[PDB]
Every structure is written in structure tokens, then in C-alpha cells.
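Chains as they are written, first to last, in PDB author numbering: chain B, 12 to 258; chain C, 1 to 233; chain C', 1 to 60; chain C'', 1 to 179; chain A, 44 to 284; chain A', 99 to 195; chain A'', 44 to 284. A prime marks a further copy of an entry chain. Backbone N, C-alpha and C fix where the C-beta goes; we use that ideal spot for every residue, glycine too. For reference, the structure is listed below as C-alpha cells.
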Amino acid sequence: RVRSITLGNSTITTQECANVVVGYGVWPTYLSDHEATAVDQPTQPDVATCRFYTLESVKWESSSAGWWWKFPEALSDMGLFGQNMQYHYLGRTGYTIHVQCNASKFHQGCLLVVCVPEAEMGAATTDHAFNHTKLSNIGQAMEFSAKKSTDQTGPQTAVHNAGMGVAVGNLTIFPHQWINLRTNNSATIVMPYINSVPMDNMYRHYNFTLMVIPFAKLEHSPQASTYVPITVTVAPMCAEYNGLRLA
Amino acid sequence: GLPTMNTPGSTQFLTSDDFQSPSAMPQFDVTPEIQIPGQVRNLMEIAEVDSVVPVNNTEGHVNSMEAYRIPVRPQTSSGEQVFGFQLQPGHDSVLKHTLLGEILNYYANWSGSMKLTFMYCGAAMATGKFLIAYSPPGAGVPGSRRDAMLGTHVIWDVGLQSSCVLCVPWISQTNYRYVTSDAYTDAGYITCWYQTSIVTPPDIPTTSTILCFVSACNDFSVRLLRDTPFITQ
Amino acid sequence: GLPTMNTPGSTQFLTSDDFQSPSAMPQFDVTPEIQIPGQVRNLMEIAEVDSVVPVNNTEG
Amino acid sequence: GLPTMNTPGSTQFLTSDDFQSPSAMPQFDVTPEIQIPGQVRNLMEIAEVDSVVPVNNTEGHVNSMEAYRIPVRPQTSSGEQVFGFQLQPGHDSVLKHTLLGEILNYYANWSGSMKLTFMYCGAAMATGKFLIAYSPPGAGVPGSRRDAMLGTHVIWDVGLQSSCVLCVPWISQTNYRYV
Amino acid sequence: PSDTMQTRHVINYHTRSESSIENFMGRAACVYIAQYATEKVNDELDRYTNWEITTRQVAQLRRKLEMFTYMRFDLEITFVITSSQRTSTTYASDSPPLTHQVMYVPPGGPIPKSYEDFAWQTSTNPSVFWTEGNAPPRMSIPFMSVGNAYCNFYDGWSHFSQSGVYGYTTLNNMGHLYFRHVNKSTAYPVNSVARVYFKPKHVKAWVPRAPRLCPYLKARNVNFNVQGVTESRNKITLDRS
Amino acid sequence: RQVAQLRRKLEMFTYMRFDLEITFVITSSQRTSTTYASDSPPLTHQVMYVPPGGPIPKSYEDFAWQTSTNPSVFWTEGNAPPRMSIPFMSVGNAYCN
Amino acid sequence: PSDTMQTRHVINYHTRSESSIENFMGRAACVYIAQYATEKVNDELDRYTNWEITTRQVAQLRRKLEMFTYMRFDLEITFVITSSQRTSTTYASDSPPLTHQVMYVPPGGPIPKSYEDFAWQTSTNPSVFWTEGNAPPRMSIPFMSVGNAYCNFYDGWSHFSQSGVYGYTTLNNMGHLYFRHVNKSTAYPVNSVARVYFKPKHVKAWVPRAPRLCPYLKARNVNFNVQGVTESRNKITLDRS
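Structure follows, in C-alpha cells:
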């Protein structure tokens, strides 16, 4: 029923079926080894930096609007992956994202776990430019709101517009997975490297934003647990950076 | 030289022309394309994805997530209606801003089949039956659970399945106006009825939520592309 | 380019012309035709039907 | 005649056109070409020739031959820097007027590899070691001989070789402005 | 006699050719209206005018474009240039035919900063000369990005990590478009209007995105006011048995 | 149904199905002014075909003249007469007289 | 939002077609602007004008040419001729269409020295007659040198050994270009401007030369003021560890 996966260290556990969703039917892979003439030569992490990075868990209460993380910026202080982001200038990588909800049989609700490529967000105070720390901190979960935002230096965090000016119910053409606590508690999304260029600066460009939005709100007896933790575990797969040597 | 004659329509600009153009920039090597994942060659691939329907679109519920949450409450009277809407995805206010609805809005004549998915998001120990009735494009909205049972219906048991999928035929609406006020339609309906109730054990809340999803099937045919009336610059 | 000469009757509109026309609506699928009964390809088929003659055409 | 229609862009002059032209002078025999030595069919053949870099481009050293002469002096402190410049041959003032730099200047987007050759022009009995460090396009200028040794470097021994050749990758700079 | 939408039974033929990317995007749309005059009236209206080629100023085209993250197309530009005289006292003149110059400035090319500038004679700037009364002039621009595709959305910055302008990238530079009269003068001033029409050819798209709900406030941002997800009704249920 | 000689030749059959070839003979003349001395540029005309489902203009300077799904024809005076071609545009299988 | 140059990783395709001699030299460049009038105003502006065909007057073309010692190409000349009226009191007229005559005079042919000269009717002088409002006229000149290639540089004299003019040779005679109106008169005077555009076709080059550092002072010499070999900086070394 259960299966243990190890990537260097440590081991996480998962179920035998788990409904893995590959991004656009494309498994993440390398640049097919046509790296001739030594003018634009790439470099692997060691191999590898491919280990499970677990983030700090969030608390899904009954009034939680949702959360988001911007990648690769949510793994900036994360081991060797966070050091290759400052030792190299250009980089490309793919990801495996696990989102587990540790609920009971007496908790109800539904979550939508989206991976939105190039989730360009709008400002709360329009005509104003926002701070970069109100978009993504170093590993923190930036959260949506139920009301509209009037912040003079932040983004628009109204969840029914999803920060991008669209309808939140239409966020299913992106690679997504439903977590209905009646049926599931986990979600595996495997995202490849999607960009217009084969490599880019990792500190400057957010490739995709992972979004966890509750569509049916969390509802329970008052005698149960009231916070229902959600754990996001990210393993970067097939990372690649620019060559740092001569000739 | 070659004797020629200039036919009518000679030095004109028809905006639907497909003539060869003189290259303003020859001698230029175009950057080659790479394998970017997720190439799409037809907008029916966007309409063939399930998107969440805002069935609870009252005020002020349209400015929340509560528009998507269909309320399931404990019932006093037997056989009450849960929800209901018209099955035209280009004019009905619950379906015109969905994924299928935007694309449909772009085109004037379309015909095909819809695909409604209802998802129960209550507790795992909640048990109940719902009656999802279908009304054909002639007539009409039923008035009771018995009138709904005597037509096309699906009994959705909550205790057995968490989801209910049903494919609806005869969806083709053609509008000859740009914006419609309000252009009488003869589409069908979908209504849901309380067959029994939702039965719960202790220490589980009595209220729950149904989610709705809509898409198309792989036969959907649009025609006569226009501009959408959802932009008013 | 190709050396050409414009013959008389060049930028004119003769109403009996049979030239190719630029399609104002390309990219449009025409509705296909079905078997409608009673197709007629020549107006002699209408004249080849017996019709009643008003021989007693006095007034009133 | 042949029924024709005049498409848009008909009686216009686009300066990038490639149409056949009416010969103003037919009936004229062109003088035949001979074998002139040194035919060139591509301007990359001009950029593929080593030209001398004015590294010592201070004032008033730019109006002399002293711009090309990199000074090697007796040192008091150990591990001092000899010279240094940025590796963009289209914008950097030491490389933009070289042979590679003029051609690069003509084009807006270029990518390839440079080839730096350092030649020691001292006496035959002078012996020394130099450390030629390379910094990748991310970052950055090192601050010491130890920081330079801990990256990509080549130890050039004067007493063994008179020249030092090193090929540098990742040179591609695209500018969207004229000046 | 109006209006009803009807079901109207259809034979099985299943057309889908009008829903391809070529038939969806490839329509001749007016993207810019350029106004310039034979003589200068004011700073606004001057002997010459300009336009940076962007695809974010006409909202009906912008929303059809922004349904995909990455596009790649060739541009077919065509110009409908008309002229009219200003409200003078007398208009009696004998004018020669006006010749217009539409110059395309590539990324990397020099832009004019006035009339009689040297940038109008640059050989690497392709120009089109067209006299009034002829067929409308037409240029063709290829795929002009340094990267492999245009990006309608850029979740990133343009400066030192985390600094600069959010959402702006230089991977969407298509160039500039400069308009002027080649004639030196007229007897009386003449205002001209140049309607610019874009037709994207050989369109390829990647990573489809949700259609935009809110209206547009700026042509360089994705900023928005919050809006309801759909229109409102009175009840979740239906009546009239 | 507005030209009677065409309407009677059409209404001899219940169901028709054809393609349309439209061509325009556009002439211009000045109003009866006091003086006519001017130097005018050539007039450009716009003939827009609005399909069923497309937006119609309700004034001059309307947004419907710039709609990309509305095919227009731009023609300067003195040239050959402009010509459009409309296909069979009915939702059903034939027109009904 | 401006401006940065970036590295921007590129797939291996290695384009070189824009660096060929045909793509480098073969661009339509404006080489001369000819001004002439319907009626004579002064010695400068007269019924007719002339130009000896040289390639040393536009500096952006001259520097791309002078990167090679020996060139050999065919010339494609095209003319953008516009007309405008002078600042008269009244301009009310009914003019017939103006016809222009552009005459190419070969090396060895007779040049006009006035209007109504006999050299405009010479059958060995190819002329082009073009009415205003039509497509721009275009001539094509072949390789016209007596020697086997044009020479951009001539380290020699033109007189008795060591005497004459330094650097001048008759191996670069391409001919003359004469412009006039064919019409006899107008009611009111009309000034015309004829922009001359060169496009070198089938270009072959030999013996590449160093690019010019100094600016140009004369169009027939290689004279120069002395200049620094490059721009100046403050230090030979780098800071900011």
C-alpha cells in the first residue's frame, strides 16, 4: 500500500497509486547532449542536487483563502540547490511537487493544487509598483485573502481573481490536481522546464507559481483539530547550469 | 510584354486577402524554435478541460469563492430543489464566463455536447441521494421531485460515489446579434433534487458543498468567428 | 519583373464578366447540402408541365 | 489579355526588395575578372585574425604606442594585479576598436567564443609566473591572487613559454539601442 | 421579429477549421492610427510620427493573444494612408502627388529624433515609398525575437536580481515604425492619417492560459480592479413548472 | 427582396443556394456650393461587410469599423471597381424564399 | 526599464549568412540628393542638375566599402522623385503631369553644359522618362571599369612619374547622372528633389583592410586628423572585489 522513495537523503513515503500528473505530458530531461564547439557549454549540479526539500507547513483553517510559492525562488536557502543559484548565472531545472494534507476522516473540504507558468501578478494599488518581498520571500508561503487588497506596495490578493485578473475556476488548463478530503489527501505534480529560452537567470525570473486554493472550505466539529497542516515537498530534477571554465 | 487586363478589385485592400507579401527584412536568420511543452493547435483543446461552474452566483456571492460552492443544507421538506440552471453555455450567467463559455462566446454558431461533473465535498461518512434531472430543449423546468423522476434523471448516491459525470446532447445555439438583450433561448435545463437527505454521524457538520464542472466533448464544432462582447474599451 | 502591357478594357467593369473574385470570407466552413426533393436544373422542366388555360377570359 | 489583379504593395519602393532590374547598359561586354589574391567571402574571416589590444588605454597613453604596452614592473607587494578588462568586445573600451570589435559593432546580436593571446616581450633570461584568471558572466572581479587562484585560471610561466593562448566561451551580448 | 436562439438540427460533419490557431489569430486587425502633417502645427502633430511595435494596445487583439503564454508568428503590415487639408481660408492649389515614407527600424537601429534626421537615410532601416492614389503599401516582418518565442507574460524582473521593472523583458522587441512625407512642402497644409493593420502569419502557440476576466488599465501591466467571477442572478434554483 | 425583377426570378423556387459576388461602382460629386476651388487628395472609401453575429456601427468613429472579424475593402477613386465574394452564409442547408 | 545587455543561452545553429559580402554590401543606401526646378531661380538651382557617380560621399557606405582594397559589383539605381511648388502668392493652376528625364552618361559620353543641350538627345546616353504618380524608376548599371576591379585605394600618381594628383585613378569612372524636367514650363514654379538609391549586386571583394579610425575630411583623399587608438579609462586594473 505504501512505497518509500529515497533521493540521497532523506526518504519520504507515499502511496502505491497517488495519481501523479506530469505537466504537459513531458517528463523533465536534459538538453539532449548536443553541446558541441564549447561556446555555450552546460554543467550539471554534481550530479546531483536531486533530493527532497520539505518546506514549512501551512495551517489550513476554516477561513484560509489560499497560498502561493514562486519557483525557483522558494528554494533559495535550500542546500546545494540554493548555492548553485548564486554560483551560476544561467540555469534550468524541472520539479516534482508533493502536497500532502494531514486531515482526518472527520474533516471536509477540497483543495486545488495548481502550477501556473509565468504567473504574472497585478498590483493592489494600480499605478504603483510593488516590493519583491510581497511577491515571494526566501521560503515562506505567501497567502491570498478573501477581501481585496489596498496595499500600496503589494499585489492584489483577492482569491476569486487569483492575483492575475482571471476567474479562479478556470485555473485547470494549468497542471493541476484536486485534493478532496473525502477521497484524497495527496497530489503529485511533475513540472518540466517551460520557458521561451533554454536557460535563464534564476534570481530574476519566476518560472512557475505553485498555488494551493481551497474551493470547498474546511469545516469540522469544534472538538476536532482546527488547523489541518499542509506539507509541500519539492525535489528538483534534471537541473543544469552554465559552464564556469575555459576553452 | 504579356498582354494583361486589370479585373475589378485590383488596387484594393480586402482585409481577408491571402496574397504573398514583400519581405521588409530579408537577409535575416530567424531564431530556431525549440521543444516548448504544451503546444496547442486548436482552441477546442482549451474547451475540452473541466472548469468550475459558479452556480451560486447571487449577490454578494459573486465576489467570493462562495459562487462556486453549492450549499447542501439539512432539509425540513422532502424533495426540495438543490440548484438549477439553463444548459446554454453562451448566454446563461453561470456558464458564460467558464472556460467553455469564453471560447463559445467568440463564435456565433456552435453545436456539440456538454459534460457536467458534480463533485461532493462533504465528509466521508455523509450518505445521501440526489436526483439530477435533465430537461430536453423543448420543455421545461419540472416542479417537483416526482416530475423530475418521470423524465431523464440520474440518481447520485453520495455514499457510493463522490463524483457524478453526465454527458448532455443537443447543445447548439446560434445568435445573429452582437450583444443580446436578451434573445429568447430554448436550451435545456439541469436541476438537482433532494431524494432523501444527507445523513451524518455525530461530530460531523450538517452543511456541505457540491462542486460543479463543465467542458465539451471531442465532437464540438464552432463556426463564424466574431469578436467577444466581454471587452468594452 | 514580368514585362506586361495593359490592353484596352483593363480597369473596367463589364457586367457580363466571369473573373475570379477575392473571397471576403475565407476561413469559413459552408453548411453542407442535403438531399432536398425536387431539384431543377433547367427552366424547361417548369414549362414541360401542363397548366390550365384561361380560355374564357372575358369581363368580368 | 491575362486577367490580373494588383495586390497591396504594388507601385511602392521597399528598400529590401530583390526584383529584377531593367539594364540601363545592355550591348556592353564587362571586363573579365582575374585571379586577384586574397578573396574574402565573409566578414568573419576578418574577425578571425589576431589584432593587438590597447589594454593600457589611459591618458595621455591613447595617442601613443604605449596603449598597447602592458607595463611589467618590479613589485614591492606580493600578488598584485597586472591588468584587467571586461570580456565584451562590443562595449568595452579596450576591445571595441579592435578588429573583432569593429565587425561586432556593425551587428546587433552576436554569440561565440573569443581567443586571447598574451605575448611576453622581455629579455630571454627573465623568468616569472603570472596568474591569468577568468571570471564567468555571472560574477565577478576577484580581489586577490588567492581569490583568483580559486576560480578558473592559467599559470603562465615566462621562463617556459613566451606566449599564452586561452579560449573564452559565453560571449554573446545583444543591444537593442543604437548608441 | 427579433430575437431568438434556436437548436436547429445539424447533419454530422463536425467542422473545426475555424478554431485553429491560424484562423483564430490570423485576422487583419487595426493596431495603430498614426497622425502626421505636411507642415508642423504643434508638438503633438509634427512632420513625422512614430510607433513602437507592441501588441498590447488593442484590447480585442490583446485578449486573443494572451490566451497563450508563448507565441511565435510572422507579421504582415499594411498601411491605409489618407490625406486631407486643414481648415484654411483658401484651398486653391496645384499640388504634385504626395509621397509618404514608412520606415521600419529594427532592434539595434537608430531612431529619428526630428525631421531631416540622418536616420531616415540609413540603409539598414527598410523604408517604403508610396504615392497617393495607388494600391496600399505592405511590408512583411519575420519572427524578430532573440529568444525562441515571444512571451505574453513574464513573471520576472529586468534589473539586478529583484530590481528594475516588473514584467518587462527585451525579448519582445519587434522594432519601431516611423512615418513622414517625402515632399518638402505644399502650398497649404495637409494632414495625413496612416492606419496600421497587422496580420499574424504562421502562428504557433504554447501553454494556454485562462481568459482575462477584468478589463485592462495599462498597456504594459497586468494590473486590474477586482471583479465578480460572473454575472448575478436572483436564485440558485428554478421556478415556473 | 427589394429589386422586383430579381425577386421574381428568385421566387420561382422554394429553396435556393448560391455564392454572392458583390462589386461596387462608387462615384463622387460635389454639393452645390458657392465656390469649388480646392486641391483635394484622392478619396478613400471603406465598404465593410458585417457577418451575422458581428457588431454593427451606430455612428461615425464607431469601434465596429476596426473589428478584425468584419472584412473591409479600402478603395481609392479612379481605380478599378472593388469586388468582394460572399459564400453560402445560411445556418441551414438552403435559403428559403 | 532600460537598458541591459545579457548573455541569453542560444541553441547550436551557428548562422553566418548575414556576414557574407552580398548581405553586408548589398543594401539599398541613399547616395545623392538631386535638387532641380521647373524654372531657374539661381545658378545653384537650375532647370537641370548633375552628379558624377562616386561611392565616397556617404560615409556609412564608404567605410563598409573601404574595408577591402578591390571591389567588383553591379549597380542597381532607383530614384524617388518628389515635387513641390515654390512659395508663390497664388498656386491656382491646372498642370499636366510632370515628366522627368534621368540620363546616365557613360565614360566617354558627352555631358550637358546647359538646358536645351544636344547631349540630352544622344542615343548612346541611356535616359529614363517617368511621369509623377507612378512606380519609382529604376536603372541597372553593370561593372563599368576598364580594369578588372574597382580600387578603393590607389597608392600612386596620375601624371608623369611622380607628378599629377596623388591617389586619383581613372579606373573608377562609373559615369554621370543628369536630371531634368521634360516639360517646357508650368504656370508657377515647381521644385523637385530626386533621391538616388544604390544597391550593389553580385559583390566580390579582395585584400581586406583595417577599418578606419579617424573621421573623413575630404571625399577624394584619405587625409585625417590624428586620433587616439581607442577610448580612455582611469586604470589598467579592476576594483570592487
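Determine, for residue i, whether the minimum Cβ-Cβ distance to residues of chain A falls below 8 angstroms.
{"i": "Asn57/C", "result": "yes"}
{"i": "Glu46/B", "result": "no"}
{"i": "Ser166/A'", "result": "yes"}
{"i": "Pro179/A''", "result": "yes"}
{"i": "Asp203/C", "result": "no"}
By the criterion of Cβ-Cβ separation under 7 angstroms, what are the contact partners of residue i in chain C'?
{"i": "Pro3/C", "result": "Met5, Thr7"}
Taking C-beta pairs closer than 8 angstroms, name the residues in chain A that residue i reaches, listed in chain order.
{"i": "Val154/C", "result": "Going along chain A, no residue has its Cβ under 8 angstroms from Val154/C, so there is no contact; the nearest lies around 18 angstroms."}
{"i": "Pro32/C'", "result": "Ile54, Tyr56"}
CB residue i to CB residue j, shorter than 8 angstroms?
{"i": "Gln195/C", "j": "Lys129/C", "result": "yes"}
{"i": "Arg99/A''", "j": "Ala262/A''", "result": "yes"}
{"i": "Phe85/C", "j": "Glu61/A''", "result": "no"}
{"i": "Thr220/B", "j": "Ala130/B", "result": "yes"}
{"i": "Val171/A", "j": "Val145/A", "result": "yes"}
{"i": "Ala80/A", "j": "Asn234/A", "result": "yes"}
{"i": "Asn253/B", "j": "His57/A''", "result": "no"}
Any Cβ of chain C within less than 8 angstroms of the Cβ of residue i?
{"i": "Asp18/C'", "result": "no"}
{"i": "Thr15/C'", "result": "no"}
{"i": "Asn191/A''", "result": "no"}
{"i": "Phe186/A'", "result": "no"}
Are the C-beta atoms of residue i and some chain C' residue less than 8 angstroms apart?
{"i": "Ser60/A", "result": "yes"}
Please report whether the beta-carbon of residue i lies at a distance below 8 angstroms from any beta-carbon of chain A''.
{"i": "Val72/C''", "result": "no"}
{"i": "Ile36/C", "result": "no"}
{"i": "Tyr221/A", "result": "no"}
{"i": "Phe83/C''", "result": "yes"}
Below 7 angstroms on C-beta distance, what does residue i contact in chain B?
{"i": "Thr50/A''", "result": "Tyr100, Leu101"}
Is any non-hydrogen atom of the ligand COA found closer than 7 angstroms to the C-beta of residue i, if you look at the structure I gave you?
{"i": "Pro140/A", "result": "Because no ligand of any kind appears in the structure shown, any question about the ligand COA cannot be addressed here."}
Listing by chain order, which chain A residues have their CB less than 7 angstroms from the CB of residue i?
{"i": "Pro128/B", "result": "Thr112, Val250"}
Examine chain A' for any beta-carbon lying closer than 8 angstroms to the beta-carbon of residue i, and answer yes or no.
{"i": "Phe28/C", "result": "no"}
Since residue i is in the beta strand (DSSP E), which residue starts that stretch and which ends it?
{"i": "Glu251/B", "result": "240-253"}
{"i": "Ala187/C", "result": "It is not in any beta strand (DSSP E) - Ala187/C carries neither H nor E in the DSSP assignment."}
{"i": "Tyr98/B", "result": "Run containing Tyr98/B: none in the beta strand (DSSP E); it sits in the alpha helix (DSSP H), 92-98."}
{"i": "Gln35/C''", "result": "Element bounds for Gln35/C'': n/a, residue is neither H nor E."}
{"i": "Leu14/C", "result": "12-14"}
At a CB-CB cut-off below 8 angstroms, which residues of chain A'' make contact with residue i?
{"i": "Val208/B", "result": "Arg51, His52"}
Since residue i meets chain C, which of its residues come closer than 7 angstroms, beta carbon to beta carbon?
{"i": "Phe219/B", "result": "Here the premise fails: no neighbours, minimum Cβ distance about 11 angstroms."}
Using the beta-carbon of each residue, which ones in chain C'' are nearer than 8 angstroms to residue i?
{"i": "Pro44/A", "result": "Within chain C'', no residue comes near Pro44/A; the closest Cβ sits about 40 angstroms away, beyond 8 angstroms."}
Identify the contact partners of residue i in chain C, using a Cβ-Cβ distance below 8 angstroms as the criterion.
{"i": "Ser10/C''", "result": "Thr11"}
What are the start and end residues of the alpha helix (DSSP H) that includes residue i?
{"i": "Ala47/C'", "result": "44-47"}
{"i": "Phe67/A''", "result": "64-68"}
List, in chain order, every chain C'' residue whose beta-carbon is nearer than 9 angstroms to that of residue i.
{"i": "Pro142/C", "result": "Residues of chain C'' passing the Cβ test: none, with the nearest at roughly 59 angstroms."}
Closest Cβ-Cβ distance between residue i and chain C'': below 8 angstroms?
{"i": "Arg105/A''", "result": "no"}
Going along chain A', which residues have a C-beta under 8 angstroms from residue i?
{"i": "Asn175/C", "result": "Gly151"}
Looking at chain B, is there any beta carbon in it that lies within less than 8 angstroms of the beta carbon of residue i?
{"i": "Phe116/A", "result": "no"}
{"i": "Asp50/C", "result": "yes"}
Give the residues of chain C in contact with residue i, contact being defined as C-beta atoms less than 9 angstroms apart.
{"i": "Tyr240/A", "result": "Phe13, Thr15"}
Checklist entry - Taking the runs of the beta strand (DSSP E) that are 3 residues or longer, which of them lie wholly in the segment 73-152 of chain C? => result For the segment 73-152 of chain C, whole beta strand (DSSP E) runs of length 3 or above, ordered along the chain, are 81-86, 107-120, 127-135.
Item to check | Inside the segment 195-238 of chain A only - alpha helix (DSSP H) runs reaching at least 4 residues | outcome: none
Item to check | Complete beta strand (DSSP E) runs within the segment 150-213 of chain B (minimum length 3 residues, chain order) | outcome: 187-191, 197-202
Next on the checklist: In chain order, what are the residue ranges of uninterrupted beta strand (DSSP E) at least 3 long that sit wholly in the segment 103-173 of chain A'?
Outcome noted: The qualifying runs are 118-121, 142-146.
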